[PDB]
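See below for the structure under consideration.
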Ligand code: HEM
Ligand code: HEM
Ligand SMILES: Cc1cc(N)nc(-c2cc(CNCCF)cc(F)c2F)c1
Ligand SMILES: Cc1cc(N)nc(-c2cc(CNCCF)cc(F)c2F)c1
Ligand SMILES: C[C@H](O)[C@H](O)[C@H]1CNc2nc(N)[nH]c(=O)c2N1
Ligand SMILES: C[C@H](O)[C@H](O)[C@H]1CNc2nc(N)[nH]c(=O)c2N1
Ligand SMILES: [Zn+2]
């Protein structure tokens, strides 16, 4: 029917009708809820490989219909012609091609439909760089460097996506093998320990195994591993002058800078799949700006990551003998005060979790008021520290899957046949 | 057929077969998820034909648990229940069934992070109770036993099940020990703002309030659908802990204390299709419940502003993370204060680790363990506790604990 959500701190109730326009399964049933499973569903809007006409066209009619509906047509001559244009195109090339307006609309709406993104208040202020003309790893690197440079903007970041040619037969995929454009390398020491970023040890080895000359430090910016039209990937080194970086100091603890830490300024996700009207853009790196907790809670403090808590705690003179002292908790706060203070002192865009969550509530308000709802994933919106003292903690959320969408996809090296 | 949950911190993977044995809604549909919705009639008491299959599932479940499935005593107990539902239109749990029932409802409570202790529960059969006075007595002996001079024990007291929905036993208090809250004319709120509507009801039923900040509320007890009655838990039975800080001399001057015994009394215990509308249960506190939620939620005691000030924090801009900083020190103070007075408590780190250990064991020997990530994860410092990175399948087994509407919304006054 129609579903209400309530904020247990304000008693505000919103009514959700947008969920009726949902098409794919979430993973849940009346009997089992999977809202904490990382990839609960494998429901996909098309089959495995190059789809028949009866597969691809209905998806495409839905998106075109949606887009022409967005702009107060539907039934217009332009819309009817467009249906016939896509129809004949699928007939003759087994696919179709997005108008530039179409592609910008879908890119913004995949962001706007991203149930896990706390940052969607900005969704319509996105910069799309069409790169469907691209043919080589080298051209990919030139498109990515311009993305980085525009997005970074001397520290005053801007949102942007760069969209490479869509998928055709699955053996000509365009892939950024990096999970993010800019990440640090992780090295597997001889004594079993791990220097760098432990998450990337497998990628940092494929790079090495591909010819990369590792400087073997802590903050080694990984190369790019770019794959074009199915071919073997190709290492590229982003010019350092394009990788903005913030050294972490603390506004009271002078001993903090001596910890020797820095992070990069540009979060740029590049392993995900953009899906629009049944077309699959397997390479679509997008970028915005960091919520401090992403660096200071997850990046520095997760166990299988930088794990600096003991060392920051020890420098703080903390009772690390039992958990009850909350020594982990205290260091965690100071680290995030340091991350925020460093990005702001270097006028690099960053948002804290209080103002980020606060804004997402305001976004939710807007979306319900004019769109009839807003898909939100409570498990992922709620920041990983101080949850209950942020507004989203006390806000009920409905989760459902709208298209266009961002999607996970397999890591390419599980799939790619070399040559 | 099977389902896998993965721990994204340790790569450990567990195989949930137990979810096949659930038959109650979660609220989620195949195309929409409601995992963050908090809650997705009295004539709605079960009919005879409604009750037969539920009883059969529970009795089978019980005889299975104890290695007696299909046995002579199983088959006779089965027909013995049918005779009762046929004649009396209900039935009566044996004492052993009731203990197994109450222990499994805890075991099956997917939102409770404390279930590793589930099978050491102390069940007090109060089904022979007929009056409010009898309830107050049973409840005092519960409090006294559970508190055990600071070394808390978990315990449940079960009052007579429902009958026709017209003679419910109800503990009107949401918890047995809670502080009062009085709205001032000027808009401000004294005491605990959660309990302000219940404080009004109490006063209207006669309670003479101290009008202080930490008045323990009177019990408001209802038996056999009669009007509820007031009782004062004898102060010598309410253990309390004054909250001081191990580093901040000034902290004790905040004037704060908390009660020592969390005891929830407003939920409904459901075993074999029977509904025990009054079933108070108790364990011990995890620190964050007092430190993060009770003291710091804006709708609760809301002392972050007061603490940060004495801490000299820059409270002009949120990015200073004063809130975050002041919140930790309070939770340090809560944990130090309880431990000093040798009153049981568990911090969110030990608690969550126990639950991961309990979860794996429950997959080992039971085939699963329903959990609610939205509730298991502590309300502060989430991702540094190990349950954050633990995938969790959520489903409703019975016996279960259930919410029920507030008594003053549905009760018709004598
Ligand atoms: C502009 C400021 C932005 C902020 C503050 C922000 C914030 C966040 C955060 C904190 C997460 C959680 C991810 C994690 O903790 O691993 C997330 C997820 C996500 N964001 Fe946003 N984001 C922003 C911009 C964007 C843009 C421009 C896009 C797409 C064009 C986007 C799409 C997504 C998607 C698809 C996810 C899901 C990630 C996944 O499932 O792995 N975000 N965002
Ligand atoms: C023994 C130590 C225990 C600990 C450390 C513990 C901890 C917790 C915590 C922190 C919550 C979250 C409550 C909230 O934030 O509102 C919770 C929920 C819950 N606990 Fe436990 N608990 C314990 C014992 C028990 C016992 C003895 C029972 C029943 C016999 C029980 C049944 C429940 C239920 C049903 C919930 C769900 C609350 C709801 O659905 O609203 N717990 N527990
Ligand atoms: C556009 C954007 C803005 C922002 N503030 N963060 C991210 C962001 C997203 C992810 C994806 N989450 C699962 C991958 F493992 C990982 C990160 F490390 C991020 F930094 C992305
Ligand atoms: C047996 C037990 C142990 C423990 N540690 N906490 C609770 C506990 C449970 C609730 C229920 N939550 C829904 C109402 F909001 C509220 C509290 F205030 C509690 F303290 C109960
Ligand atoms: C709306 C949201 O589900 C709600 O605020 C929940 C989140 N998780 C919770 N978890 C616990 N333990 N207690 C709570 O009250 C809540 N509240
Ligand atoms: C099991 C669980 O889904 C997993 O740990 C999630 C929890 N919530 C998260 N939320 C965000 N924003 N980012 C994450 O990586 C995760 N991890
Ligand atoms: Zn769900």
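Each answer follows from the model by the rule given with it, or from the source it names; none is laboratory data. Positions of Cβ are backbone-derived with ideal geometry, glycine not excepted, and every protein chain shown enters the neighbour counts.
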- prompt: Looking only at residues in the stretch A:291-319 that are buried (at least 20 other Cβ atoms within 10 Å of the Cβ), closer than 22 Å to residue B:288 by Cα and more than 8 Å from chain B (Cβ to nearest Cβ), which one is nearest to the chain's Cα centre (by Cα)?
  reply: A:293
message: Can you tell me which residue is farthest from ligand 2 (Cβ to nearest atom) among those in the stretch A:392-411 that are in a loop (DSSP other than H, G, I, E, B) and facing chain B (nearest Cβ under 8 Å)?
response: A:401
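Those residues that are at the interface with chain B (Cβ under 10 Å from one of its Cβ atoms) and either touching a strand residue (DSSP E or B) at 6+ places or on another chain (Cβ under 9 Å) or in a loop (DSSP other than H, G, I, E, B) (or both), I need them from the stretch A:14-30; list them, please. So that I can check it myself, show each step before the final result.
Let us first name the residues in the stretch A:14-30 that are at the interface with chain B (Cβ under 10 Å from one of its Cβ atoms), namely A:16, A:19-20, A:22-30.
Across the stretch A:14-30, the qualifying residues are A:16, A:19, A:22, A:23, A:24, A:25, A:26, A:27, A:28, A:29, A:30.
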message: Going through A:78, A:107 one at a time, which residue ends up being in contact with a strand residue (DSSP E or B) (Cβ under 7 Å, 6 or more places away or on another chain) and assigned to a helix (DSSP H, G or I)?
response: A:107
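Does residue B:214 satisfy the criteria of being within 14 Å of another protein chain (Cβ to nearest Cβ), away from ligand 1 (no atom under 16 Å from the Cβ) and assigned to a loop (DSSP other than H, G, I, E, B)?
Against the criterion (within 14 Å of another protein chain (Cβ to nearest Cβ), away from ligand 1 (no atom under 16 Å from the Cβ) and assigned to a loop (DSSP other than H, G, I, E, B)), residue B:214 does not qualify.
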- prompt: What is the number of the single condition among (1) crowded, with 19+ Cβ neighbours inside 10 Å; (2) away from ligand 5 (no atom under 16 Å from the Cβ); (3) not in a helix (DSSP H, G or I) that residue A:115 does not meet?
  reply: (2)
query: Does the stretch A:399-418 contain any residue that is within 16 Å of ligand 5 (Cβ to nearest atom) and either more than 30 Å from residue A:230 (Cβ to Cβ) or in the same structural domain as residue A:251 (by CATH) (or both)?
result: yes
query: Taking the stretch A:320-338 as the search range and keeping residues that are more than 7 Å from every other protein chain (Cβ to nearest Cβ) and under 31 Å from the mean Cα position of the chain (by Cα), which one is surrounded by the fewest Cβ atoms within 10 Å (Cβ to Cβ)?
result: A:334
- request: Identify the single condition in (1) in contact with a strand residue (DSSP E or B) (Cβ under 9 Å, 6 or more places away or on another chain); (2) assigned by CATH to the domain that holds residue A:105 that residue A:257 does not satisfy, given that it satisfies every other one.
  value: (2)
message: Return the residues of the stretch B:203-222 that are within 22 Å of the chain's Cα centre (by Cα) and over 16 Å from residue B:266 (Cβ atoms); say none if nothing qualifies.
response: B:214, B:215, B:216
message: Can you confirm whether residue A:389 is at the interface with chain B (Cβ under 7 Å from one of its Cβ atoms), under 20 Å from residue B:317 (Cβ atoms) and out of contact with any helix residue (DSSP H, G or I) (no Cβ under 6 Å at 6 or more places or on another chain)?
response: no
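Within the stretch B:31-74, restricting attention to residues that are within 16 Å of ligand 2 (Cβ to nearest atom) and surrounded by 17 or more Cβ atoms within 10 Å (Cβ to Cβ), which residue is farthest from the other protein chains (Cβ to nearest Cβ)?
Step one: list which residues in the stretch B:31-74 are within 16 Å of ligand 2 (Cβ to nearest atom), which gives B:34-40.
Those still in the list that are surrounded by 17 or more Cβ atoms within 10 Å (Cβ to Cβ) too: B:34-37.
Values: B:34: 7, B:35: 3, B:36: 4, B:37: 5 Å.
Step by step, filter the stretch B:31-74, then rank; the result is B:34.
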- prompt: In the stretch B:355-376, which residues are within 16 Å of ligand 5 (Cβ to nearest atom), touching a helix residue (DSSP H, G or I) at 6+ places or on another chain (Cβ under 7 Å) and more than 10 Å from chain A (Cβ to nearest Cβ)?
  reply: B:355
- prompt: Looking at B:268, B:261, which one is assigned to a strand (DSSP E or B) and within 16 Å of ligand 4 (Cβ to nearest atom)?
  reply: B:268
query: Being farther than 21 Å from residue B:111 by Cα and either within 16 Å of ligand 1 (Cβ to nearest atom) or not in a helix (DSSP H, G or I) (or both), is that true of even one residue in the stretch B:278-299?
result: yes
- request: Please go through the stretch A:2-16 and pick out each residue that is loosely packed, with under 15 Cβ neighbours inside 10 Å and out of contact with any helix residue (DSSP H, G or I) (no Cβ under 9 Å at 6 or more places or on another chain).
  value: A:4, A:11, A:13
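Take the conditions more than 16 Å from ligand 3 (Cβ to nearest atom), surrounded by 20 or more Cβ atoms within 10 Å (Cβ to Cβ) and either within 14 Å of chain A (Cβ to nearest Cβ) or not in a loop (DSSP other than H, G, I, E, B) (or both) and apply them to residue B:101. Does it pass? It would help to see each step written out before you state the result.
Working: more than 16 Å from ligand 3 (Cβ to nearest atom): yes; surrounded by 20 or more Cβ atoms within 10 Å (Cβ to Cβ): yes; either within 14 Å of chain A (Cβ to nearest Cβ) or not in a loop (DSSP other than H, G, I, E, B) (or both): yes.
Taking the combined requirement at face value, the residue satisfies it.
Residues checked against (1) assigned by CATH to the domain that holds residue A:299; (2) part of a helix (DSSP H, G or I); (3) surrounded by 16 or more Cβ atoms within 10 Å (Cβ to Cβ):
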residue	(1), (2), (3)
A:142	no, yes, no
A:148	no, yes, yes
A:154	no, yes, no
A:165	no, no, yes
A:178	no, no, yes
A:187	no, no, yes
A:190	no, no, no
A:195	no, no, no
